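[1] First portion of the complex, with coordinates as positioned in the assembly:
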Amino acid sequence: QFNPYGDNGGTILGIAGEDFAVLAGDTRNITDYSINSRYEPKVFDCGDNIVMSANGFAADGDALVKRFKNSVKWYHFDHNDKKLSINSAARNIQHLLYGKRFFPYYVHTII
Amino acid sequence: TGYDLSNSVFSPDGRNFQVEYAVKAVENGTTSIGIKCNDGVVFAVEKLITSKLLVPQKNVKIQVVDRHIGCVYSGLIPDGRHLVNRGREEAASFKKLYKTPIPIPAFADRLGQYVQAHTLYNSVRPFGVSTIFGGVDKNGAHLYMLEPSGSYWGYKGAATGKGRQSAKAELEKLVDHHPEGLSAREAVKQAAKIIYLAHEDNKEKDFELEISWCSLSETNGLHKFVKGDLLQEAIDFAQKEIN
């Protein structure tokens, strides 16, 4: 049988300071006991002072980050170049993820 | 009367007046030609320079279908593009199923059935273009011309647009004076001449010449545009002949 999911490993960490925020993540990408890459960026600048990572299955991760970046673009077109606030981004991402409630994006997401 | 108000209505003559009106739009357009040579075909078109502000060589009119067919048309330019887009879909499906690139006669009928289909209903308008097209297949060179009615035939030479009578006469001379045939490089020169001669009907504004060709020896049976030195050589030959 065909299994559409996979595990590319990795680990990510988000910490919110008083007037700053960090989003860290290792650069190793793997499958089973092999290393695919020693440097595969996992945390991304998405514009509007928002950083994002979707850790787990790297194909679903990449797909989600790509769609959110696109969601930021169209938010600018539809609402007169308004800055997308972090809380608004968060709610938008919920709808992206829940949109595939019955064929989930197999990722733990942090922004 | 009223038989000309709707497409697909036979008049009492047995004529579809809307198709004949589409022909008037074709006759209003710029001159375009086609010349069948020994191992290929040559296409050429008159591009009117409306203004100094038009960027030279940029507004390309001749279109490629697949890699081996050239299409040029006179009349409503958007209609021609719509027909070529359909041609590219037809040629893609043919290659998908049958592996080999679409033969030119096969391709001609695909366009011909599509244009004819726009004379069967009142909910659509006929094509406002005569299309001259062709290329090289397994059986050799082919040149076709396709009218708004869906009528098409194979040609030795073809011409359409405002300077078509002028051009046709020049083409008829070439057919008579070369029964053995014309070379690909010769046809490019002659194509340039014929467009320059056909420019007397559009003499008010100056123009830009555009030429393309498929030839088994000169282009490996692929459609290519005539550029640079070879284009300038054909312009010089054409300018010498008018003076």
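    On my side now, so go ahead. Numbering: from 1, shown residues only, chains lettered A, B, ... in the order given.
[2] for residue B:7, phi and psi?
    Dihedral pair for residue B:7: phi -70, psi 150, per degrees, to the nearest 10.
[3] Surely it is in contact with residue B:119?
    Yes. Taking C-beta atoms under 8 Å as the definition, residue B:7 is a contact partner of residue B:119 at 6.7 Å. The C-beta positions use only the backbone N, C-alpha and C, and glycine is treated the same way.
[4] Residues that sit against both of the two, list them.
    B:16, B:18-19, B:126 (C-beta atoms under 8 Å, 6 or more residues apart in numbering or on different chains).
[5] Show me which of those is closest to residue B:86.
    residue B:126 (14.4 Å; C-beta to C-beta).
[6] any idea what sits nearest that closest one, other than its immediate chain neighbours?
    Closest residue to residue B:126 apart from its sequence neighbours, by C-beta to C-beta, 6 or more residues apart in numbering or on different chains: residue B:22 at 4.2 Å.
[7] got a list of what that neighbour touches?
    B:75, B:125-128, B:148.
[8] Mind doing that once more with 10 Å?
    Residue B:22 is in contact with B:7, B:16, B:75-76, B:79, B:115, B:118-119, B:125-130, B:147-149, counting by C-beta atoms under 10 Å, 6 or more residues apart in numbering or on different chains.
[9] Could you give the backbone dihedrals for it?
    Recorded main-chain torsions at residue B:22 are phi -60, psi -40, according to degrees, to the nearest 10.
[10] Helix or strand: which one has the spatially most central residue of chain B?
    In chain B, the residue lying closest to the centroid (C-alpha atoms, centre = their mean) is residue B:132, at 2.4 Å. Taking DSSP states H and E as the criterion, residue B:132 maps to strand B:129-137.
[11] Name the strands paired with that strand and say parallel or antiparallel.
    strand B:69-75 (antiparallel), strand B:140-146 (antiparallel) (DSSP bridges).
[12] Would you map the helices across chain A?
    A:58-78, A:86-98 (DSSP state H).
[13] what about the spatially closest residue to residue B:122 that is not a sequence neighbour, which SS state?
    With sequence-adjacent residues excluded and distances taken as C-beta to C-beta, 6+ apart, residue B:122 is closest to residue B:6, at 4.7 Å. Of the three states, residue B:6 takes coil according to DSSP: H, G, I helix; E, B strand; the rest coil.
[14] next one is chain C, place it on the structure:
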Amino acid sequence: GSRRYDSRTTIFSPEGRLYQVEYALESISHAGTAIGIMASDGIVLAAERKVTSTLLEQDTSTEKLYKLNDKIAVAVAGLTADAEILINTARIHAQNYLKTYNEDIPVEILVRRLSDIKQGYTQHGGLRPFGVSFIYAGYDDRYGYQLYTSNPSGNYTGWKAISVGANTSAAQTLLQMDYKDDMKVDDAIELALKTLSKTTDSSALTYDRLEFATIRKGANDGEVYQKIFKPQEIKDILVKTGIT
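    Below, chain C sits with the chains from the block before:
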């Protein structure tokens, strides 16, 4: 495009009338007269076949009176082909209702359904309406004996006695004159035939130009019978009532 040739069958006139409905009603006014008369102990349906011939096979013929189920029948005025489309629909609605509730359909529910269909052809779809008027004669255990009519507009109304088709003005006056509430079936039979006999455009009313039917509780005990009269039986009732 196609808009040029569209009659627009579903529009109001400046006066607020539906053109096609009105013109369909005009069509129906040239159809053979059909009469319905309701009595205490039954309903009568009489109807005049249009200018027949001597070579028409009458005993196997049916252009006016149709059976919808065991309890309900209709008299038709207008285009026979149009009526048969609606009749086959009504026959199915009656059997649908029977399958669902395990009870025979109430007469008004059947009539409303058919009338709602006719209405639809006047409001949407861009098609011509059905050139048919029906007289519905039926029985159920709620209201007992019932007479209705419906016309191409999709409007329906209930009646004690009614006519449709040709000479309805003249026919309705004669019925309004001789009808009484305590009337019986045998009397109503006689009234229906006398009314047709005076309103007919033919020189004389004979058995071969008529279709005739009764819905009686004259069925052994607590049940209802539908009798579609045979040619010989129409001939007998014409002699009995003294018309021939």
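[15] Could you re-examine the contacts of residue B:22 with chain C now present?
    Neighbouring residues of residue B:22 by C-beta under 10 Å, 6+ apart: B:7, B:16, B:75-76, B:79, B:115, B:118-119, B:125-130, B:147-149.
[16] Next, count neighbours for residue B:92.
    Other residues lying near residue B:92 total 13 when counted by other C-beta atoms under 10 Å in any protein chain shown.
[17] and if you look at residue B:101?
    So residue B:101, with other C-beta under 10 Å, has 20 neighbours.
[18] same thing with the one 5 residues further on?
    Under the neighbour criterion other C-beta under 10 Å, residue B:106 is assigned a count of 15.
[19] Does residue B:94 touch residue B:109 like I think?
    No. If you go by C-beta atoms under 10 Å, residue B:94 and residue B:109 don't touch, sitting 11.2 Å apart.
[20] so how far is residue A:47 from the closest residue in space to the residue nearest to the centre of chain B that isn't next to it in sequence?
    Nearest non-adjacent residue to residue B:132, counting by C-beta to C-beta, 6+ apart: residue B:34, 4.1 Å away. Distance check for residue B:34 against residue A:47: by C-beta to C-beta, to the nearest Å, it reads 52 Å.
[21] Residue A:100 contacts residue A:64, correct?
    Yes. Judged on C-beta under 10 Å, residue A:100 makes contact with residue A:64 at a distance of 9.2 Å.
[22] out of the two, which sits in the busier spot?
    With neighbours defined as other C-beta under 10 Å, residue A:100 and residue A:64 compare such that residue A:64 has more, 20 against 13.
[23] Could you pull up the contacting residues of residue B:101?
    Residue B:101 neighbours (C-beta under 10 Å, 6+ apart): B:66-69, B:91, B:94-95, B:107, B:135-138, B:221.
[24] Please apply the same query to residue B:81.
    Applying C-beta under 10 Å, 6+ apart, the residues contacting residue B:81 are B:61, B:63, B:71, B:73, B:129.
[25] Can I get the strand holding residue B:132 in CSV? Just the C-alpha atoms.
    The C-alpha trace of strand B:129-137 is given here as CSV (Å, rounded to 0.1, in the frame of the first residue of the first chain):
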residue,chain,number,x,y,z
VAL,B,129,-8.9,35.9,-40.1
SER,B,130,-7.6,34.0,-43.2
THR,B,131,-4.7,31.9,-41.9
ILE,B,132,-1.7,30.9,-44.0
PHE,B,133,0.2,28.0,-42.4
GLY,B,134,2.4,24.9,-43.0
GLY,B,135,5.6,23.1,-42.4
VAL,B,136,7.6,20.0,-42.9
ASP,B,137,6.4,16.4,-42.1
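[26] let's put chain D on the structure above:
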Amino acid sequence: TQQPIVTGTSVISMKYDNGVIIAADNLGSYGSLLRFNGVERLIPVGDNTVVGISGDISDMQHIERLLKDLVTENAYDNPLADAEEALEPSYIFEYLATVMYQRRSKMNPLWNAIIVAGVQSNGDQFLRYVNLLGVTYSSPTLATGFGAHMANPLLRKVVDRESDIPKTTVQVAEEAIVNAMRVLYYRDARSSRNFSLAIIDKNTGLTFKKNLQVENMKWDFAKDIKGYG
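    Chain D now in position relative to the chains above:
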């Protein structure tokens, strides 16, 4: 969902100072039967890209036709089709990557692992991977199937990180690839001796080498081995 039938094994590749190398053997296996001995599994696109494909061969031949059609389509209404608006490796990869992920997401994958090797407009080396799941990654060395387990270790001894790329010449890189192909011939039961190798260099362009063979093999020590103990 399907199962692969006719399959191709390892595709291996690495970056060097001026470009990229990619290689893959010429076998189409039918289970344990070594059925088809003349299959080309490197497919060039223009003069700046080579797409190496492993896994199901029927799905490869479909991808082959998609790339062929991509070249045709790019040429339409494109006066700069052989210049500024030619197909880039990065365009070709992203197209395939899109397709592969769409196909996995309909539960009907193209049963392949693919490596797109090439050189960009500005001279940059392009090397990226994609598979039947739509997973993508890039690395100084890349390999599919057995190559991942055996070739990568050897290729990473030459180019271990990004800073080793400028230090690696084409001669050193090709040698390393050719040795890796020999190692896979010793140890992969679904491989063959014959293979294809492609070099995409920013100066010298695309060099495509067909009908290569694994040579300089060590078997003599076999004679001394007798029994199991």
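[27] Check the contacts of residue B:22 one more time with chain D there.
    By C-beta under 10 Å, 6+ apart, the neighbours of residue B:22 are B:7, B:16, B:75-76, B:79, B:115, B:118-119, B:125-130, B:147-149.
[28] how about a cut-off of 7 Å?
    Counting by C-beta atoms under 7 Å, 6 or more residues apart in numbering or on different chains, residue B:22 makes contact with B:126-128, B:148.
[29] closest point of chain B to chain C, which residue?
    Nearest residue of chain B to chain C, counting by C-beta to the nearest C-beta: residue B:123, 4.9 Å away.
[30] From the contacts of residue B:22, which land in helices?
    Taking DSSP H, every one of the contacts of residue B:22 sits outside helices.
[31] okay, the residues you listed in JSON lines with distance to chain C and neighbour count next?
    What follows is the contacts of residue B:22, written out as JSON lines (distance: C-beta to the nearest C-beta, whole Å; neighbours: other C-beta atoms under 10 Å in any protein chain shown):
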{"residue": "B:126", "distance to chain C": "14", "neighbour count": "24"}
{"residue": "B:127", "distance to chain C": "17", "neighbour count": "29"}
{"residue": "B:128", "distance to chain C": "18", "neighbour count": "22"}
{"residue": "B:148", "distance to chain C": "19", "neighbour count": "28"}
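[32] Relative to residue D:155, which of these is nearest.
    Proximity of those to residue D:155 was ranked by C-beta to C-beta; the top entry is residue B:127 with 58.5 Å.
[33] Verify the stated contact: the closest one with residue B:118.
    Yes. At 6.0 Å, residue B:127 and residue B:118 qualify as touching, with contact defined as C-beta atoms under 7 Å.
[34] Could you give the number of residues near the closest residue to chain D within chain C?
    With C-beta to the nearest C-beta as the measure, residue C:1 is the residue of chain C nearest to chain D, at 31.6 Å. Neighbours of residue C:1 under the rule other C-beta under 10 Å: 12.
[35] same thing with residue A:54?
    Residues lying near residue A:54 (other C-beta under 10 Å) number 27.
[36] same deal with the one 5 residues further on?
    Here the count is done by other C-beta under 10 Å, and residue A:59 has 26 residues near it.
[37] before we move on, what about residue D:45?
    Neighbour count of residue D:45, defined by other C-beta under 10 Å: 21.
[38] contacting residues for the residue nearest to the centre of chain B?
    Here residue B:132 is in contact with B:32-34, B:43, B:72-73, B:145, B:158, B:160 (C-beta under 7 Å, 6+ apart).
[39] at 10 Å what do you get?
    Shown in contact with residue B:132 (C-beta under 10 Å, 6+ apart): B:32-35, B:41, B:43-45, B:62, B:70-74, B:143-146, B:155, B:157-161.
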